[PDB]
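Trainee: What follows is entry21.pdb, made up of PDB, C-alpha atoms and all ligand atoms:
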ATOM      1  CA  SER A  49      -0.159  39.769  -2.535  1.00  0.00           C
ATOM      2  CA  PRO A  50      -2.025  36.520  -3.051  1.00  0.00           C
ATOM      3  CA  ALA A  51      -4.896  39.012  -2.962  1.00  0.00           C
ATOM      4  CA  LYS A  52      -3.229  41.112  -5.681  1.00  0.00           C
ATOM      5  CA  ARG A  53      -2.631  38.031  -7.881  1.00  0.00           C
ATOM      6  CA  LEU A  54      -6.269  37.110  -7.379  1.00  0.00           C
ATOM      7  CA  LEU A  55      -7.358  40.574  -8.540  1.00  0.00           C
ATOM      8  CA  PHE A  56      -5.100  40.190 -11.570  1.00  0.00           C
ATOM      9  CA  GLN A  57      -6.540  36.815 -12.644  1.00  0.00           C
ATOM     10  CA  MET A  58     -10.058  37.832 -11.908  1.00  0.00           C
ATOM     11  CA  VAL A  59      -9.789  41.048 -13.939  1.00  0.00           C
ATOM     12  CA  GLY A  60      -8.113  39.062 -16.730  1.00  0.00           C
ATOM     13  CA  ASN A  61     -11.185  36.810 -16.915  1.00  0.00           C
ATOM     14  CA  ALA A  62     -13.863  39.410 -16.270  1.00  0.00           C
ATOM     15  CA  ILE A  63     -12.871  41.865 -19.004  1.00  0.00           C
ATOM     16  CA  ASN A  64     -14.135  39.386 -21.629  1.00  0.00           C
ATOM     17  CA  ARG A  65     -17.439  38.672 -19.941  1.00  0.00           C
ATOM     18  CA  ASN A  66     -20.852  40.279 -19.693  1.00  0.00           C
ATOM     19  CA  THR A  67     -22.767  40.910 -16.457  1.00  0.00           C
ATOM     20  CA  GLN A  68     -24.675  37.694 -16.406  1.00  0.00           C
ATOM     21  CA  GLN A  69     -21.682  35.542 -17.306  1.00  0.00           C
ATOM     22  CA  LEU A  70     -19.486  37.241 -14.693  1.00  0.00           C
ATOM     23  CA  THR A  71     -22.191  36.698 -12.101  1.00  0.00           C
ATOM     24  CA  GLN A  72     -22.370  32.971 -12.765  1.00  0.00           C
ATOM     25  CA  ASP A  73     -18.637  32.458 -12.894  1.00  0.00           C
ATOM     26  CA  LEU A  74     -18.370  34.342  -9.550  1.00  0.00           C
ATOM     27  CA  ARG A  75     -21.069  31.980  -8.177  1.00  0.00           C
ATOM     28  CA  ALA A  76     -19.130  28.938  -9.491  1.00  0.00           C
ATOM     29  CA  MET A  77     -16.107  29.801  -7.334  1.00  0.00           C
ATOM     30  CA  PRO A  78     -15.600  27.775  -4.123  1.00  0.00           C
ATOM     31  CA  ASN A  79     -16.945  29.311  -0.911  1.00  0.00           C
ATOM     32  CA  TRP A  80     -13.547  29.513   0.765  1.00  0.00           C
ATOM     33  CA  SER A  81     -12.292  31.733  -2.095  1.00  0.00           C
ATOM     34  CA  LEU A  82     -15.410  33.913  -2.364  1.00  0.00           C
ATOM     35  CA  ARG A  83     -14.687  35.339   1.141  1.00  0.00           C
ATOM     36  CA  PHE A  84     -11.787  37.143  -0.617  1.00  0.00           C
ATOM     37  CA  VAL A  85     -13.441  38.618  -3.769  1.00  0.00           C
ATOM     38  CA  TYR A  86     -16.291  41.040  -4.322  1.00  0.00           C
ATOM     39  CA  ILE A  87     -17.518  42.439  -7.657  1.00  0.00           C
ATOM     40  CA  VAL A  88     -19.460  45.609  -7.015  1.00  0.00           C
ATOM     41  CA  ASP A  89     -21.870  47.063  -9.580  1.00  0.00           C
ATOM     42  CA  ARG A  90     -23.006  50.648 -10.314  1.00  0.00           C
ATOM     43  CA  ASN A  91     -25.550  50.362  -7.447  1.00  0.00           C
ATOM     44  CA  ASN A  92     -22.812  49.440  -4.989  1.00  0.00           C
ATOM     45  CA  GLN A  93     -24.181  45.904  -4.884  1.00  0.00           C
ATOM     46  CA  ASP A  94     -22.107  42.738  -5.002  1.00  0.00           C
ATOM     47  CA  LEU A  95     -23.084  40.682  -8.077  1.00  0.00           C
ATOM     48  CA  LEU A  96     -24.256  37.880  -5.755  1.00  0.00           C
ATOM     49  CA  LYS A  97     -26.055  40.426  -3.518  1.00  0.00           C
ATOM     50  CA  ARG A  98     -23.719  39.644  -0.565  1.00  0.00           C
ATOM     51  CA  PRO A  99     -23.351  42.280   2.125  1.00  0.00           C
ATOM     52  CA  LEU A 100     -20.166  44.209   1.620  1.00  0.00           C
ATOM     53  CA  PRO A 101     -17.623  43.852   4.400  1.00  0.00           C
ATOM     54  CA  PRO A 102     -16.451  47.120   5.848  1.00  0.00           C
ATOM     55  CA  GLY A 103     -13.476  48.427   3.942  1.00  0.00           C
ATOM     56  CA  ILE A 104     -14.864  47.497   0.560  1.00  0.00           C
ATOM     57  CA  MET A 105     -16.734  50.813   0.659  1.00  0.00           C
ATOM     58  CA  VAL A 106     -13.660  52.767   1.632  1.00  0.00           C
ATOM     59  CA  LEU A 107     -11.882  51.502  -1.517  1.00  0.00           C
ATOM     60  CA  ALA A 108     -14.784  51.348  -4.059  1.00  0.00           C
ATOM     61  CA  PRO A 109     -15.546  55.112  -4.306  1.00  0.00           C
ATOM     62  CA  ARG A 110     -11.913  55.701  -5.287  1.00  0.00           C
ATOM     63  CA  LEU A 111     -12.038  53.352  -8.205  1.00  0.00           C
ATOM     64  CA  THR A 112     -12.953  55.369 -11.279  1.00  0.00           C
ATOM     65  CA  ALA A 113     -12.717  55.421 -15.090  1.00  0.00           C
ATOM     66  CA  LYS A 114      -9.929  58.005 -14.759  1.00  0.00           C
ATOM     67  CA  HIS A 115      -8.187  56.213 -11.842  1.00  0.00           C
ATOM     68  CA  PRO A 116      -9.194  52.560 -12.002  1.00  0.00           C
ATOM     69  CA  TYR A 117      -6.725  50.920  -9.604  1.00  0.00           C
ATOM     70  CA  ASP A 118      -6.000  51.399  -5.900  1.00  0.00           C
ATOM     71  CA  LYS A 119      -4.875  49.594  -2.763  1.00  0.00           C
ATOM     72  CA  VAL A 120      -5.823  50.265   0.878  1.00  0.00           C
ATOM     73  CA  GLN A 121      -4.822  49.086   4.300  1.00  0.00           C
ATOM     74  CA  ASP A 122      -7.885  48.656   6.463  1.00  0.00           C
ATOM     75  CA  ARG A 123      -8.399  46.817   9.770  1.00  0.00           C
ATOM     76  CA  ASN A 124      -5.135  44.868   9.412  1.00  0.00           C
ATOM     77  CA  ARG A 125      -5.961  43.911   5.836  1.00  0.00           C
ATOM     78  CA  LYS A 126      -4.884  44.920   2.377  1.00  0.00           C
ATOM     79  CA  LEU A 127      -7.705  45.518  -0.097  1.00  0.00           C
ATOM     80  CA  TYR A 128      -6.923  45.751  -3.807  1.00  0.00           C
ATOM     81  CA  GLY A 129      -9.364  47.152  -6.347  1.00  0.00           C
ATOM     82  CA  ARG A 130      -9.946  47.677 -10.070  1.00  0.00           C
ATOM     83  CA  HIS A 131     -12.771  49.408 -12.042  1.00  0.00           C
ATOM     84  CA  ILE A 132     -13.411  47.848 -15.488  1.00  0.00           C
ATOM     85  CA  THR A 133     -16.186  48.023 -18.025  1.00  0.00           C
ATOM     86  CA  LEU A 134     -17.533  44.706 -19.276  1.00  0.00           C
ATOM     87  CA  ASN A 135     -18.393  44.063 -22.944  1.00  0.00           C
ATOM     88  CA  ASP A 136     -21.963  44.983 -21.922  1.00  0.00           C
ATOM     89  CA  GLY A 137     -21.166  48.556 -21.236  1.00  0.00           C
ATOM     90  CA  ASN A 138     -21.802  47.897 -17.526  1.00  0.00           C
ATOM     91  CA  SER A 139     -19.054  48.976 -15.101  1.00  0.00           C
ATOM     92  CA  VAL A 140     -17.990  46.967 -12.104  1.00  0.00           C
ATOM     93  CA  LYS A 141     -15.397  47.143  -9.429  1.00  0.00           C
ATOM     94  CA  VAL A 142     -13.531  43.937  -8.687  1.00  0.00           C
ATOM     95  CA  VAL A 143     -12.208  44.084  -5.124  1.00  0.00           C
ATOM     96  CA  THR A 144     -10.090  41.456  -3.340  1.00  0.00           C
ATOM     97  CA  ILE A 145      -9.209  41.222   0.400  1.00  0.00           C
ATOM     98  CA  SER A 146      -6.224  39.505   2.142  1.00  0.00           C
ATOM     99  CA  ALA A 147      -5.708  36.886   4.943  1.00  0.00           C
TER     100      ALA A 147
HETATM  101 CL    CL B 201     -12.081  48.717 -18.912  1.00  0.00          CL
END
Would you mind writing the structure in this file as structure tokens?
Ligand SMILES: [Cl-]

Mentor:
Amino acid sequence: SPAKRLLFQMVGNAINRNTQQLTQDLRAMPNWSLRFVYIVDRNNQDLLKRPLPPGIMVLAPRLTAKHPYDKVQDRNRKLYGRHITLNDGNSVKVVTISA
């Protein structure tokens, strides 16, 4: 639920940003908080090219233009996810992970 509030604030920021700007503001976040957020592009790559922890790729395929939001329990963790399209036209999936 901290994870859900992180998704919320992140999506709130990201929707007004382009790919390059969202990449740099993701990079500018502190390391301890990055372990909880991934932003996955149309190539199923994290915007900082980090390897995706398992579970991210159970949730990501579900996140769609028609059904943008979903939550999953995986490996004693809640993952929360949201598909958005940036002002670029590029689509990304912001995914956050708990404790
Ligand atoms: Cl959108």

Trainee: Excluding residue A:67 and any residue of its chain fewer than 3 positions from it, enumerate the residues within 10 Å of it, using only C-alpha atoms, and give them as number ranges by chain.

Mentor: A: 62, 70-72, 89, 95, 133-140

Trainee: A:90, A:83, A:75, A:114: which is nearest ligand CL 201 (chain B), counting only C-alpha atoms and all ligand atoms?

Mentor: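 Ranking A:90, A:83, A:75, A:114 by distance to ligand CL 201 (chain B), first place goes to A:114.
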
Trainee: I want to know what sits within 8 Å of residue A:130, based on all atoms listed in the file, with residues of the same chain fewer than 6 positions away left out; could you give that as a compact mmCIF listing (two decimals) with C-alpha atoms, keeping the file's coordinate frame?

Mentor:
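Okay, selection-v5.txt is ready:
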# COMPACT_ATOMS: atom_id res chain seq x y z
CA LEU A 55 -7.36 40.57 -8.54
CA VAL A 59 -9.79 41.05 -13.94
CA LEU A 111 -12.04 53.35 -8.20
CA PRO A 116 -9.19 52.56 -12.00
CA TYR A 117 -6.72 50.92 -9.60
CA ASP A 118 -6.00 51.40 -5.90
CA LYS A 141 -15.40 47.14 -9.43
CA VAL A 142 -13.53 43.94 -8.69
CA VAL A 143 -12.21 44.08 -5.12

Trainee: Could you work out how far atom CA of residue A:120 lies from atom CA of residue A:74, giving the answer in Å with one decimal?

Mentor: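 We find that atom CA of residue A:74 and atom CA of residue A:120 lie 22.8 Å from each other.
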
Trainee: Between atom CA of residue A:147 and atom CA of residue A:125, what is the distance in Å, rounded to a tenth?

Mentor: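 Calculated distance between atom CA of residue A:147 and atom CA of residue A:125 is 7.1 Å.
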
Trainee: Let me have the centre and edge lengths in Å, one decimal, of the box along x, y and z around every listed atom of stretch 87-94 of chain A with 8 Å of margin on each side, as JSON.

Mentor:
{"center_x": -21.5, "center_y": 46.5, "center_z": -7.6, "size_x": 24.0, "size_y": 24.2, "size_z": 21.4}

Trainee: For each of A:88, A:77, A:106, A:63, take the minimum atom-to-atom distance to ligand CL 201 (chain B), counting all atoms listed in the file, then give the residue where this is smallest.

Mentor: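 Using all atoms listed in the file, the shortest distance to ligand CL 201 (chain B) belongs to A:63.
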
Trainee: Identify, on the basis of all atoms listed in the file, every residue whose closest approach to residue A:51 does not exceed 9 Å; exclude the query and any residue fewer than 5 positions from it along the same chain; express the result as a PyMOL selection string.

Mentor: chain A and resi 56+84-85+126-128+144-147

Trainee: Could those residues be written to a file, using C-alpha atoms, as a compact mmCIF listing (two decimals), keeping the file's coordinate frame?

Mentor:
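Wrote again.txt, looks like this:
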# COMPACT_ATOMS: atom_id res chain seq x y z
CA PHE A 56 -5.10 40.19 -11.57
CA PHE A 84 -11.79 37.14 -0.62
CA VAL A 85 -13.44 38.62 -3.77
CA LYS A 126 -4.88 44.92 2.38
CA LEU A 127 -7.70 45.52 -0.10
CA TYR A 128 -6.92 45.75 -3.81
CA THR A 144 -10.09 41.46 -3.34
CA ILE A 145 -9.21 41.22 0.40
CA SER A 146 -6.22 39.51 2.14
CA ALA A 147 -5.71 36.89 4.94

Trainee: Go ahead and compute the interatomic distance for atom CA of residue A:60 and atom CA of residue A:92, in Å to one decimal.

Mentor: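 Between atom CA of residue A:60 and atom CA of residue A:92 the gap works out to 21.5 Å.
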
Trainee: Between A:49, A:64, A:91, A:121, single out the one closest to ligand CL 201 (chain B), counting all atoms listed in the file.

Mentor: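 Selected residue with least distance to ligand CL 201 (chain B): A:64.
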
Trainee: So, with only C-alpha atoms and all ligand atoms as the atoms that count, which of A:119, A:65, A:99, A:108 lies closest to ligand CL 201 (chain B)?

Mentor: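 Result for the nearest residue to ligand CL 201 (chain B): A:65.
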
Trainee: From the list A:93, A:57, A:69, A:112, which residue is nearest residue A:131 when using all atoms listed in the file?

Mentor: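 Counting all atoms listed in the file, the residue closest to residue A:131 is A:112.
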